[PDB]
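Engineer: these are from a larger complex, still in place; more later:
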Amino acid sequence: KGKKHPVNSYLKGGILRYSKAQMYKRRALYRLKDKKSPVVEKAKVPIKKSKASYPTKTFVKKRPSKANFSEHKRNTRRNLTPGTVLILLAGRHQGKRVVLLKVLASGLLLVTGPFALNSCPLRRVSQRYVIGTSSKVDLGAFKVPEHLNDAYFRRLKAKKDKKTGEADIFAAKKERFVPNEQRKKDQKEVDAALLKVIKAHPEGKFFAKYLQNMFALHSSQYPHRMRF
Amino acid sequence: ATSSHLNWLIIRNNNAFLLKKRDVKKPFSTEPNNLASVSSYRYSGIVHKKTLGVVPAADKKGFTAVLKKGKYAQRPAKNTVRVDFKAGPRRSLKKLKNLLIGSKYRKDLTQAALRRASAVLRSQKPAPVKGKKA
Amino acid sequence: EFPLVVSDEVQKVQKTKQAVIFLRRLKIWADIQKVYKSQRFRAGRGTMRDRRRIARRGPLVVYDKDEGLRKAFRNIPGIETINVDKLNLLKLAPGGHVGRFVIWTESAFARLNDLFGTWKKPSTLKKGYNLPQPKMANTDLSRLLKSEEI
Amino acid sequence: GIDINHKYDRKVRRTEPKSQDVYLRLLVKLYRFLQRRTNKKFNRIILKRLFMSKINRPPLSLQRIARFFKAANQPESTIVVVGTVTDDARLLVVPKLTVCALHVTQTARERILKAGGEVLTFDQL
């Protein structure tokens, strides 16, 4: 049930693995199966299976040889630790601070205002959009976005129109807007637990009644010596 | 007196059938068994005895008229149709294509015959397509 | 066929109509039709010079003996007749482009021998003309490459 | 400030024979395939020796073919001449060999073939 290494990632060329494999080393027990099988069948009764020569037969359209798949190396985060209260410096929620809930497999952030205070939804935003401020909300109470995954907020649906299948349709479905009930319920539970932790800290720019206010680096104030 | 070496070298620039339109390096072959309009060495009349020609149909679309090569025997002296041999086929492409691989003991061409096959589809098809319509 | 040899009876042909009947069956038809259609008014200035234009040099018919071949042949457009004695380079390779369609009479083709005897034997008209010995015997390079021996 | 990519970088020597001759280049093409594919310097220089201008190719006479026979370790020898081969009247006795040449003058072909030798093309050599 195992045997591993390669601490090459620190070094960066090197060992542990070669050396230990040698200590362990067999000199005995080299016997193997591993069954291949095709299913290229002329199974003929009359059932007669084939396939023949479909075509890769020269309708010479020169089409660009597919550049295959770079590695899924796990997106090493900056010390944006969930729940750091951080600034969305960009895109409609421009200069509203929000609390981090999670890291997802897409690389990018889960952000909630809390919703009820600073009007920011269960909303996902780039690691780069964000200045990660020193202020920390206790992220232990949460249902966690184990339940909110890439797929969950993926849109149910931008059909090009009225569900079904080719009904010669009409201008305007709901590309951004109904809203969905499943998504409301998800917010309200998470936000409620946010509000309990967030109320412990005193009013001003950005935790509870602190949350509402819309950011001020006021005239004569400094984005560079703000050690956010 | 005939070589598949000399006959291109003779004709390289001085071919009536090789018409050069604009700059454009090389090439254009009209030479009646080109298969690729190229004009290279082997996309041509002799060569010797390896020359597929495809002509549709006349009255669309019974026939992609295949002309079967004819080595060595006849010299390929005029002509009794000898460098060619008129197998008028029918029906469904993929068969004619696999069927061509078998007669290709002479595999030199293989793509060329297929370029003519696939291209002749576009020539034969526009009367029952060239739409859309669902 | 190539080289196209036809019966010596071809030479006797008094009439143009009779000539065309022969030639077509003998398989000239498409190439004689290549001529007449193509006649077109000269693009130059060359039109004023009596250089009215170029129309297609179809076929060179060769005869040993003129029994009324020439007069019949003269009429038909782009069709030129020559004697085995004279065999003009201009007629055989027009524009230095090798590959005239040549038809020979049976007596004419036979007479091409002592005219230009072979390699061994003398060109009887053409005194100290040795018709050139080829620099490559086979000239087919691919078989020589193929080769077993190589 | 390239010190110094002056000259000469245009060099000297023909890649390909300065001749329209369709025959000549076929021999070059043949021996060019034979060069790297079979090693050996006979292929390497005969390729070059076809490149040669008419000067540097001056006609080798039949008595020069006959003096080479008098050489030791040479009786079984097919004499290569990349050249025009010219008839020398003065050699009374012309010895047997097969001679391979680009061109052989017609009077020179008769005295090789009388010897009784073969006049040979380089593609058959």
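Structural biologist: Arrived safely, thanks for sending. Numbering: from 1, shown residues only, chains lettered A, B, ... in the order given.
Engineer: and stretch D:28-39, is it in reach of chain C?
Structural biologist: Yes. In terms of Cβ under 8 Å from any Cβ of the partner chain, part of stretch D:28-39 sits within range of chain C, namely D:29-30, D:33-34, D:38. C-beta coordinates here come from the backbone N, C-alpha and C atoms, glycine included.
Engineer: what's the offset of that stretch from the middle of its chain?
Structural biologist: 15 Å (Cα atoms, centre = their mean, to the nearest Å).
Engineer: Repeat that for stretch B:120-133.
Structural biologist: Mean-position distance between stretch B:120-133 and its chain equals 21 Å (Cα atoms, centre = their mean).
Engineer: can you list contacts of it?
Structural biologist: For stretch B:120-133, the external contacting residues (Cβ atoms under 8 Å, 6 or more residues apart in numbering or on different chains) are B:54, B:56-57, B:60-61, B:64, B:93.
Engineer: Could you report the neighbour count for residue B:78?
Structural biologist: By the criterion of other Cβ atoms under 10 Å in any protein chain shown, residue B:78 has 14 neighbours.
Engineer: swap that for residue D:65, please
Structural biologist: Number of residues near residue D:65 (other Cβ under 10 Å) recorded here: 24.
Engineer: Over to residue C:3?
Structural biologist: Other residues lying near residue C:3 total 11 when counted by other Cβ under 10 Å.
Engineer: any idea how far chain A is from it?
Structural biologist: Per Cβ to the nearest Cβ, to the nearest Å, residue C:3 is found 38 Å from chain A.
Engineer: and the nearest residue to that residue once chain neighbours are set aside, which of the three is it?
Structural biologist: Nearest non-adjacent residue to residue C:3, counting by Cβ to Cβ, 6 or more residues apart in numbering or on different chains: residue C:104, 6.8 Å away. With DSSP: H, G, I helix; E, B strand; the rest coil as the basis, residue C:104 sits in strand.
Engineer: any chance you could map the strands in chain B?
Structural biologist: B:54-56, B:64-66 (DSSP state E).
Engineer: Quick check: which of those strands is buried the most?
Structural biologist: Greatest average neighbour count among these goes to strand B:64-66 (a mean of 20), per mean count of other Cβ atoms under 10 Å in any protein chain shown.
Engineer: add chain E to the structure above, sequence below:
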Amino acid sequence: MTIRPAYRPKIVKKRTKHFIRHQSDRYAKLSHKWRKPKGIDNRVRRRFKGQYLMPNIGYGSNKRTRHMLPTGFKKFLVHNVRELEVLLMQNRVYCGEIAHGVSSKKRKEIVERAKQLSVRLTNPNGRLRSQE
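Structural biologist: Next up, chain E placed on what we already have:
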């Protein structure tokens, strides 16, 4: 629409401006058609800054983008139907460009044939015409 010729790297036209010949803006006698300044006084020849650009090879386009129209199709001067038929196999490198000397009656045949072959024509609207 018409399917573009064979995956090009974006056509760098690299100097776009017609070289215009030195002092064509001074003189209508000196034609915009480029003629290189050979002359001993030339500030253009000694390539002082601000005296335009002399066609120097390094403006030269990539040998891949050589000839391609930006809808891909290189220009073949099509005299008629048989000429069109050459580019049947060569849809994906060449376009039929109907020579200006060709009459409308033949153009209707050329355009019609072109649609069958599915090879691009650059100019159809050529000689069309609310006319006889």
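Engineer: so, the neighbour count of residue B:78 revisited with chain E in the model?
Structural biologist: 14.
Engineer: what's the burial count for residue 117?
Structural biologist: Assuming you mean chain A. Residues lying near residue A:117 (other Cβ under 10 Å) number 20.
Engineer: wait, chain C
Structural biologist: The number of residues packed near residue C:117 is 16, by other Cβ under 10 Å.
Engineer: you'd agree it is up against residue C:124?
Structural biologist: Yes. Using Cβ atoms under 8 Å, residue C:117 makes contact with residue C:124 at a distance of 6.8 Å.
Engineer: Can you list phi and psi of residue D:16 for me?
Structural biologist: Main-chain dihedrals, residue D:16, degrees, to the nearest 10: phi -150, psi 140.
Engineer: quick one: it from chain E, how far?
Structural biologist: Residue D:16 is 23 Å from chain E, where distance means Cβ to the nearest Cβ.
Engineer: Ok, residue B:130 next?
Structural biologist: Taking Cβ to the nearest Cβ as the measure, residue B:130 falls 7 Å from chain E.
Engineer: Which helix or which strand is home to the residue of chain A found nearest chain E?
Structural biologist: Proximity of chain A to chain E (Cβ to the nearest Cβ) peaks at residue A:62, 3.9 Å away. Here residue A:62 is covered by no helix or strand, with elements defined by DSSP states H and E.
Engineer: show me what contacts it?
Structural biologist: Taking Cβ under 8 Å, 6+ apart as the test, what residue A:62 contacts is E:6-7, E:92.
Engineer: Can you select the buried ones among these for me in PyMOL?
Structural biologist: The buried residues among the contacts of residue A:62 can be selected in PyMOL (16 or more other Cβ atoms under 10 Å in any protein chain shown) with this line:
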select buried, chain E and resi 92
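Engineer: Put together TSV for the contacts of residue A:62, with distance to residue A:199 and secondary structure on each row.
Structural biologist: Shown next, in TSV, are these (distance: Cβ to Cβ, whole Å; DSSP: H, G, I helix; E, B strand; the rest coil):
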residue	distance to residue A:199	secondary structure
E:6	65	coil
E:7	60	coil
E:92	68	coil
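Engineer: include RNA strand F as well:
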RNA sequence: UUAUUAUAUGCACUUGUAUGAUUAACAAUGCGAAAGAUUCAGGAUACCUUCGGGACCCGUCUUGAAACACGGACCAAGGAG
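Structural biologist: RNA strand F added:
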């Protein structure tokens, strides 16, 4: 005597590393929406505008020409190794 390193570590699979110009995983958006034709991106075409910087008149003899050196108002066509 001890440490270190390499060899004795095969076979299967692998979106693993490189393979010597290794940009793509992943995703969003415009949109090809029949003809018709929206929308997006991109541009010193002609020419206009706005900003910076650079641009003195060619031909020529001459050591050197923008010269307060000489021919050339402007344009067409003849026109000279």
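Engineer: Please reconsider the neighbour count of residue C:3 now that RNA strand F is part of the model.
Structural biologist: Residue C:3 sits with 11 neighbouring residues when counted by other Cβ under 10 Å.
Engineer: Quick one: classify the residue positioned nearest the centre of chain D as helix, strand or coil.
Structural biologist: Nearest to the mean C-alpha position of chain D, by Cα atoms, centre = their mean, lies residue D:82 at 1.4 Å. Using three-state DSSP, the structure places residue D:82 in strand.
Engineer: excluding its backbone neighbours, what's nearest it?
Structural biologist: Of all residues not flanking residue D:82 in the chain, residue D:49 sits nearest, at 4.3 Å (Cβ to Cβ, 6+ apart).
Engineer: Relative to residue D:101, how far out is the one you found?
Structural biologist: 12 Å (Cβ to Cβ, to the nearest Å).
Engineer: How about residues contacting stretch A:107-124?
Structural biologist: A:75, A:80, A:86, A:88, A:93, A:96-104, A:106, A:125-127, A:130, A:145, A:148, A:153, A:183, A:186-187, A:190-191, A:194-195, A:198, A:206, A:208-209, A:211-212.
Engineer: list residues touching both of residue D:49 and residue D:101?
Structural biologist: Listed as contacting both residue D:49 and residue D:101 by Cβ under 8 Å, 6+ apart are residue D:82.
Engineer: In which helix or strand does residue A:134 reside?
Structural biologist: Secondary structure (DSSP H and E) places residue A:134 in strand A:130-136.
Engineer: again, but for residue A:111
Structural biologist: strand A:109-112.
Engineer: hmm, that strand in reach of RNA strand F?
Structural biologist: No. Judged by Cβ under 7 Å from any atom of the strand, strand A:109-112 stays clear of RNA strand F, getting no closer than 14.0 Å.
Engineer: hey, C-alpha coordinates of that strand in PDB?
Structural biologist: Below are the C-alpha coordinates for strand A:109-112, written out as PDB (Å, rounded to 0.1, in the frame of the first residue of the first chain):
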ATOM      1  CA  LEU A 109     -11.900  33.600  -3.900                       C
ATOM      2  CA  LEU A 110     -15.300  33.200  -2.300                       C
ATOM      3  CA  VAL A 111     -16.400  36.600  -0.900                       C
ATOM      4  CA  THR A 112     -19.600  37.600   1.000                       C
END
